[PDB]
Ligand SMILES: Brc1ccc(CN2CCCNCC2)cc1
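Below, in structure tokens: the form solved without this ligand, a single chain.
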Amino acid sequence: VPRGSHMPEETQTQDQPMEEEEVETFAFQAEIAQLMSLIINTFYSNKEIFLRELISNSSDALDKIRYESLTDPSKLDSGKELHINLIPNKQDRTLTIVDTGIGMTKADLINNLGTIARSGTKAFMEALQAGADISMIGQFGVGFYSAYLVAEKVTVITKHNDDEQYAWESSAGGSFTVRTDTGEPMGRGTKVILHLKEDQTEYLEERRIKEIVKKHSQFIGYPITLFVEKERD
């Protein structure tokens, strides 16, 4: 059956075997769940400090690269730049904070992002009740959850040298999931994807992002870059 030309659908290659991703669901530690509901459902002045908290966590993870090289010098051989990228996507209403820090293992995600108690949680909720500024959250050891000031859902994609790539996700409500992530390999580090609330889209705007970086995050110690999607004609 001679052919001289085939159509695209004919020479489309058969799919790669379907990947299985294992998913685990966990309850937040009880006081972390209470804090998340307080953060989500209360009006605060000064919500913009969420970005300072996430940049601080990236900066901590980057500092760990430098020090882990003292017990494991092979990290010196990585050609990856130590940096942070901020990536607003107006199409999808997401703000992503990307770093090339150490990343998290699966058990790091489960323990550090929601199942282990933090000793400051109860004191912080009392300080908030008593009218403290939400900015105080970092000093109480619970800064990550500031993401929920502006995001309705948070997805964390991460890769640590000692484990495979994982995705953590929570829309609050008391639980989170951790699953293996067989999609786009992101390389060592962490991506925090903020699915912004509808009234918090200012944090997609170039000027607003630059304003709050300059106000709150001037001593990162690593390059930070803002990716701005070109406005279409």
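Just count from 1 along the sequence shown to find any residue number.
The following text describes the form deposited with this ligand bound, which does not appear among the structures shown.
The pocket of the shown chain is open, since this ligand, superimposed from its pose in the entry with it bound, puts no atom within 2.4 angstroms of any backbone or C-beta atom. Residue contact check for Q218: one or more of its heavy atoms lie within 4.5 Å of this ligand in the entry with it bound. In the entry with it bound, none of the heavy atoms of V228 sits within 4.5 Å of a heavy atom of this ligand.
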